[PDB]
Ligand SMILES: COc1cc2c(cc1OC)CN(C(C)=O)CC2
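Here's a solo chain for you in structure tokens, the form solved without the ligand.
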């Protein structure tokens, strides 16, 4: 149907905007702390602590499969990156502090992304 196509075009355009958002958020992580999944070879107890691991590469795979239907879904995954790190790692660590800085800086980006998603529809 034409309606199905139009819905698919909207998903594609959302995917474009989310890719630009994802790029901008990941620039706020120049140490690449959140770039890849936590390794279960290197942190073998991780899944005892963190039930839904998340990282920028895993988000990028979901994105390229057009797997985010709305901005809320995408933000959920971004917040998991931050929140998982802030639980596993103590306050005095470079990991936790990197997470706080990513959260604070990414807030700005996400604030305008929400206005753009609403504005364009």
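Numbering follows the first chain given and starts at 1.
The next section is about a form of this same protein that is not shown, the form solved in complex with the ligand.
**Student:** Tell me, which of 72, 91, 32, 61 has a heavy atom within 4.5 angstroms of the ligand in the deposited complex?
**Tutor:** The residue in contact is 32.
**Student:** Can you tell me if residue 57 lies within 4.5 angstroms of the ligand in the deposited complex, counting non-hydrogen atoms only?
**Tutor:** No - in the deposited complex, heavy atoms of residue 57 and the ligand never come within 4.5 Å of each other.
**Student:** Report whether the minimum heavy atom distance between residue 48 and the ligand in the deposited complex is within 4.5 Å.
**Tutor:** No, residue 48 stays farther than 4.5 Å from the ligand in the deposited complex.
**Student:** Looking at the partner-bound form in the deposited complex, is residue 42 within 4.5 Å of the ligand by any heavy atom?
**Tutor:** Yes, contact at 4.5 Å.
**Student:** Any chance all of 38, 85 and 95 sit within 4.5 Å of the ligand in the deposited complex, going by non-hydrogen atoms?
**Tutor:** Result yes, every residue of the spot touches the ligand.
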